[PDB]
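Where a number appears in this text, it was derived from the coordinates with a stated rule and is not lab data. Note: ideal-geometry Cβ built from the backbone for every residue, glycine included; neighbour counts use all protein chains shown.
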RNA sequence: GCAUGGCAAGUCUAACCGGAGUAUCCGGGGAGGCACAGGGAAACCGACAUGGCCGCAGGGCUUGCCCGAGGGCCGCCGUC
RNA sequence: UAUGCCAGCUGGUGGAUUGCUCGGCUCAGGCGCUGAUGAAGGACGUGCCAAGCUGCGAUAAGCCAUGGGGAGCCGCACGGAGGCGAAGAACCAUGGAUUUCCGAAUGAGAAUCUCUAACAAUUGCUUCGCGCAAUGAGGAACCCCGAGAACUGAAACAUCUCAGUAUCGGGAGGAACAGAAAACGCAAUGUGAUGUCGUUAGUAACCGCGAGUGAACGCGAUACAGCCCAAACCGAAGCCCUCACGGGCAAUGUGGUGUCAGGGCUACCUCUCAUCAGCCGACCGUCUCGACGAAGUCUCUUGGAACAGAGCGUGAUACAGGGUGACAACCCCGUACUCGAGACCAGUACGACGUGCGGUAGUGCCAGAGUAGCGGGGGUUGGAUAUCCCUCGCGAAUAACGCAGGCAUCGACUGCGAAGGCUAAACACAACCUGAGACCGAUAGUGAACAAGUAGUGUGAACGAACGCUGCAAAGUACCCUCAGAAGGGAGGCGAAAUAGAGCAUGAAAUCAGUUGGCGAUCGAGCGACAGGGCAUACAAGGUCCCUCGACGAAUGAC
Ligand SMILES: [Cl-]
Ligand SMILES: [Cl-]
Ligand SMILES: [Cl-]
Ligand SMILES: [Mg+2]
Ligand SMILES: [Mg+2]
Ligand SMILES: [Mg+2]
Ligand SMILES: [Mg+2]
Ligand SMILES: [Mg+2]
Ligand SMILES: [Mg+2]
Ligand SMILES: [Mg+2]
Ligand SMILES: [Mg+2]
Ligand SMILES: [Mg+2]
Ligand SMILES: [Mg+2]
Ligand SMILES: [Mg+2]
Ligand SMILES: [Mg+2]
Ligand SMILES: [Mg+2]
Ligand SMILES: [Mg+2]
Ligand code: NA
Ligand code: NA
Ligand code: NA
Ligand code: NA
Ligand code: NA
Ligand code: NA
Ligand code: NA
Ligand code: NA
Ligand code: NA
Ligand code: NA
Ligand code: NA
Ligand code: NA
Ligand code: NA
Ligand code: NA
Ligand code: NA
Ligand code: NA
Ligand code: NA
Ligand code: NA
Ligand code: NA
Ligand code: NA
Ligand code: NA
């Protein structure tokens, strides 16, 4: 198909062929499996102290005093799981493998498939993104990689009728639950992914909900956050070309 | 509890064809695809070459693999083909998707099932 | 929902009488205990059998059937064509950590083949010659007498 | 440290000299322009305007600055005790704006003016 | 064992290396594993890409008659 | 209708629940020894008032210097009084001063005190004098060398297994240990010090051949590094102390040479870029710390308070996180960017100084003994005839010799020189620094968020809790009445709220007081389910229900 290239003013400036991969049949099940793994693979091993509740010589009096055979020390029950201050019967364990494997092929196929869902304006709209454009992904001249101010990327985005998505991500949610106590107080919608070629866009990164990636290592997660296909993306002339062989 | 959205649709399409058109193979293939993957067909070229005949579409209710040699000029329809299978077959015949078969022949006529 | 997920409330978790799931007594003893007594059933009988030759006095032959060579002659475009001629040693995988390469005669031979290997089986020769071919024994193959 | 516990901790246990940064207030438009700084460490000499409390709107001279409790006393910003006495209502510098500076210190004034350091 | 999914006469990398958005992730790494032939204690030898018959589904036909993958019963082949 | 039953209401008791997190748990990166120059630990002191904790040591919550920092300060700890600070205090970094007694504890003794100069004790050197030195003890585990169970498993049990585990003895370091082949033995025209990771492989091997046990070579990686003696041949050409003088060591050999690319000697060729000794001496990276650091505190509404709603506007290489009277990029700390410092890498790499590498021919000059090896008895190992080690006895060769290649002997072949020594880097732990989290959230998570190894128990070894939350701000309740009264109560005052009033957020159940509805002093006990009546009921969140008649009318079905 055809890809309408845009200049830093938001005006058409020729067009390149949309590489084949963007024709890869969208497979949300495979994409979901790729995200699930990436999300599990960064989780940290945890678990209670091996000896928590075992540091005591408590013993059971056995039969004879009208008491249950529960280990006690200084007339206080201990160790056993039903006892306050006792061990945890089946606790979290450091030894547990909390990682998920995934065949390279299966994962690469998901990458290609997520790439392809990027070229479907309907999917992109269903995923939730706000925009008033018909073509997608949004391809742009390699000059984008030279921008330096966030504000400049804003103008370009407004010119491309895509800034509305950032308006969407411009709202943080204060989550329900104790995550807050561990530093996960906030969360926010995912907006535009900017795929460049030489280096992530320093100029676009701070944009509400924006994520910056590079064509050689852009993955399933940035292409389909949370395993949902169809993220409103903006590639770079050269980015678009590199992505082709992924 | 199938997971693949594509395999899921194919199955629904195969049913629509066996019901509307006079087809019986399509509903037959649809039932076998609904069964556990372990039971689906995994056929090599050697077997297609042995029981197929020209002008009679070979229908594999599974997947075709590239072991062995195929000389007959047949049209094979499968859920999928390994890269090699599809290459060898197109050299002397034609590899087709079940989705195309259902279209070019909704009455599923002059078809031979191979597993 | 899984089986495990539905156990809460069942008391026994499918073990029957609560007097069942205790120690190893419920398994007739730890591990293979009783493999000659109460649980002899389905255990290979006790006993010693045969002998082994030292690992480094053993030879491992790298084999291949004519059917494999033959089914891919055309495809082996990167290998001699003549009146085809293929050096088996260059076809067989594992042909390095192998003491030698041997051609076995399973399948058919639909071409005239000139095969070079360290060894062949009667069936392999008959088949390769019967299809108007020849079999050449390597120098290593010069170990027949 | 992105962890809330560690952030609050370091703020509550910061040594005395690191507490000056907990008693800083935004400068008025004029002062910002004059010295090229957005805020300054409120001093017991400065004049300030309350922008948030119940006393929002009122202005007065800073009477006291407690580093430990990171709080300031502003003249006339007080509470009526039961016995009738009038005591100060501690304010957080964050709800305050410095409209006038007490620059009797060569060092403070120097810091204010230099462009490589802030006061 | 089973359900689902990728690839398929193959399949998967391990430690580790490079990159990076730096525990995630992208690229590399097939060492080695299992599968691709078995039988024999060992020496050692080394197999049906189909020869026959029933016949389900399915297909065909001039509507019982053919073709009949899978399945079933035989032959035949490797080795002790 | 007393005693009383059931449910509720008002107040209480209690402290669940929800919300909150100054603590835990776990993972990761960095870093890593201290002590006779008396450590670590403990005791007792030390404040204006000082009991606990922290700090400190008779200079006692401290003294000095340099740098940073800054208008405040006098620890936790918010009182009273008083004081310190522009003579630049507080506070932070580095360095220095002080640093009681016990404590390895060392003059001798002793439950932290005492008696009349002290390296006690054991050693090395030695001016043979404690003159110069060493050792001792600590440390979270990690590490190395010795000693070494049993429960248990085998459905009993003895070998086996648990297990070379637990525990004990001795000792090192920041890492240990190992290490440049008398190797390997994919047997080869092959590999080439050592750890470690992955694999080889639950393979080979062991085993009442039961249960169980269990490698290696090699391969892919990580990191890489290779050398010094003894002797031959030389023979005082040497070394240590001392500023020197002088002394001490050393022919029982200091020093030169040399170390399987064997060496020495004799005659030659060429040459040094090997090695060894010593000099200099980092970049980068990584860890931590620090400097600077953009943009609203505008309007209306609600509110005790705007960080809320609506409206207008701004920054962003910064939309991580935290604070601030409620949901904050723009109010404050910080965050991106840029920059600086210390530590580690490392006395390493690089560079340089000195030395001199190597080759030919001749020469039976040299080359580590209770050894190699055999036997008796044991332990250990997968080690089976073929693991490693101990013990008693026996016991060789000399490179023209010897050992190994998984039974012995002889020959061949291939590999390799034991019985002397050193050796960076890659790997273990987690005390210490920092970071992180699909971990817990106060009966949880450490025993310990609090006085925590505290209170307390035991002669002792040892054992060992519970206790988090006023409020935006103390505005922490003046005055008056009452009272034996700084109690309590009444009235009153503060605040959005006192039913936030002090172990004070919320405030469940069991349960208590008062009280409301129903029952009730002639009557029977799984406390109810389902039907149906009485009596009782503010709203809300349910709105149906009753009777005449009529329509429809399954099975059944009359007078
Ligand atoms: Cl097949
Ligand atoms: Cl064998
Ligand atoms: Cl080798
Ligand atoms: Mg516990
Ligand atoms: Mg909740
Ligand atoms: Mg290989
Ligand atoms: Mg300034
Ligand atoms: Mg003494
Ligand atoms: Mg037993
Ligand atoms: Mg037995
Ligand atoms: Mg063992
Ligand atoms: Mg070996
Ligand atoms: Mg020497
Ligand atoms: Mg043993
Ligand atoms: Mg607790
Ligand atoms: Mg006792
Ligand atoms: Mg309360
Ligand atoms: Na304890
Ligand atoms: Na009881
Ligand atoms: Na783990
Ligand atoms: Na069961
Ligand atoms: Na049970
Ligand atoms: Na058993
Ligand atoms: Na038996
Ligand atoms: Na391989
Ligand atoms: Na350290
Ligand atoms: Na005190
Ligand atoms: Na001191
Ligand atoms: Na001493
Ligand atoms: Na002496
Ligand atoms: Na037993
Ligand atoms: Na017994
Ligand atoms: Na045994
Ligand atoms: Na090899
Ligand atoms: Na504020
Ligand atoms: Na012996
Ligand atoms: Na050897
Ligand atoms: Na508690």
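Structure notes:
- Positions within segment C:31-72 being within 16 Å of ligand 10 (Cβ to nearest atom) and surrounded by fewer than 10 Cβ atoms within 10 Å (Cβ to Cβ), in sequence order: C:31, C:37, C:45, C:46, C:47
- Test: residue in segment C:45-59 that is in a loop (DSSP other than H, G, I, E, B) and within 16 Å of ligand 23 (Cβ to nearest atom): yes
- Scope segment A:174-186; condition assigned to a loop (DSSP other than H, G, I, E, B) and out of contact with any strand residue (DSSP E or B) (no Cβ under 9 Å at 6 or more places or on another chain); matching residues: A:176, A:177, A:183, A:184
- Taken over segment A:16-25, the criterion of being away from chain B (no Cβ under 14 Å) and surrounded by 14 or more Cβ atoms within 10 Å (Cβ to Cβ) is satisfied by A:18, A:19, A:21, A:22.
- Any hit, segment A:147-167, residues being away from chain D (no Cβ under 14 Å), within 16 Å of the chain's Cα centre (by Cα) and not in a loop (DSSP other than H, G, I, E, B): no
- Single residue of B:61, B:5 found to be under 26 Å from residue A:109 (Cα atoms), touching a helix residue (DSSP H, G or I) at 6+ places or on another chain (Cβ under 8 Å) and within 14 Å of chain A (Cβ to nearest Cβ): B:5
- Test: residue B:39 is surrounded by fewer than 16 Cβ atoms within 10 Å (Cβ to Cβ), more than 12 Å from the chain's Cα centre (by Cα) and within 14 Å of chain A (Cβ to nearest Cβ): no
- Exactly one residue out of D:56, D:44, D:119, D:110 is surrounded by 15 or more Cβ atoms within 10 Å (Cβ to Cβ) and either outside any strand (DSSP E or B) or within 16 Å of ligand 23 (Cβ to nearest atom) (or both), and it is D:119.
- Within segment A:208-243, being part of a strand (DSSP E or B) and out of contact with any helix residue (DSSP H, G or I) (no Cβ under 6 Å at 6 or more places or on another chain) holds for A:212, A:214, A:233, A:234, A:235.
Listed here are the residues, each with its yes/no results for (1) surrounded by fewer than 16 Cβ atoms within 10 Å (Cβ to Cβ); (2) part of a strand (DSSP E or B); (3) on the phi < 0 side of the Ramachandran plot.
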| site | (1), (2), (3) |
| --- | --- |
| B:48 | no, no, yes |
| B:55 | yes, no, no |
| B:68 | no, no, no |
| B:73 | yes, no, yes |
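- Selection within segment D:59-87 - assigned to a loop (DSSP other than H, G, I, E, B) and either within 15 Å of the chain's Cα centre (by Cα) or surrounded by fewer than 10 Cβ atoms within 10 Å (Cβ to Cβ) (or both): D:67, D:68, D:69, D:70, D:75, D:77, D:81, D:82, D:83, D:84, D:85
- Given (1) closer than 20 Å to residue B:67 by Cβ; (2) in contact with a strand residue (DSSP E or B) (Cβ under 8 Å, 6 or more places away or on another chain), index of the condition residue C:109 fails: (2)
- If you check A:171, A:199 for being surrounded by fewer than 17 Cβ atoms within 10 Å (Cβ to Cβ), touching a strand residue (DSSP E or B) at 6+ places or on another chain (Cβ under 8 Å) and either under 22 Å from residue A:39 (Cβ atoms) or away from chain D (no Cβ under 14 Å) (or both), only one passes: A:199.
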